[PDB]
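A single chain comes next, written as structure tokens; it is the form deposited in one PDB entry.
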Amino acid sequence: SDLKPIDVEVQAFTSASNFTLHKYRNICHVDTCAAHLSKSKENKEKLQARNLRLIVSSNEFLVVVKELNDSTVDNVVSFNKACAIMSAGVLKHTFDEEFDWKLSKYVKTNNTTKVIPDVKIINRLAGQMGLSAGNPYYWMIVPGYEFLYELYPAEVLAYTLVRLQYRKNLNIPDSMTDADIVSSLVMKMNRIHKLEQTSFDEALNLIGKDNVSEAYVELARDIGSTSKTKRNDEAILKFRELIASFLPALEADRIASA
């Protein structure tokens, strides 16, 4: 009754992800990419309606498409992949070490033309953590950061630990479970390390357990430095305190009314 169907095609699912950040390492203009990352919230909402074309250097661009699980075309990417590509462009000039997976260690990033991202460009996700502009981690705090695990595994894992521990400081909704917070990263770890055969401790030793620690304390140092939940909670305690101070003058006013 009063329903228009659509005629679904008879197509069977028959049998038959090469994404690597190393194909986009020298395609980014730093201040262009940082500006796009500074508007990630507005960009994700624009994506919900139409797909987006983002210029990331005066000769290169990306096509951000929703629900894109595969593409032979390199610069057609999902939102998380696009932010990760653009973040890596900035982190090549802020982080001095990157991970070589066949050498199983951190090797120095050789950046001949090393530049400083414009301090004026603000990352509001990073401010929520208490990080200030100029911090080398500043532009790692982006949507889709988990893809950066390919280059910065200790740093990306550390940011994930901070999101797990301080979900309330970062205004993560209590709706989300701890599994959803870490799921994306575990998927990237499982691909790199083969977690079906490997141990987690084997991965935490392959990357620097102390490296994770140093990155963790860098990203965690200034959490709770200024908190609107603690700022509001002191006001309520100070307000209810002043209400109590005002009671004898309120009853003096009502005994005067009678």
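In this text, residue numbers run from 1 along the sequence as written. C-alpha atoms forming the largest set that superposes within 1.5 Å between two forms make up the rigid core.
Keep in mind the form deposited in another entry is missing from the figure; the text below concerns it.
With the core held fixed by superposition, the comparison between the shown form and the other one singles out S227 as the only member of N26, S227, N190, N205 whose CA moves by at least 2 angstroms. In the core-superposed comparison between the shown form and the other one, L68 has its Cα shifted by at least 2 Å. The distance between the CA atoms of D233 and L125 is at least 3 Å shorter in that other deposited form than in the form shown here. Between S183 and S227, the C-alpha separation grows by 3 Å or more in that other deposited form, relative to the conformation displayed.
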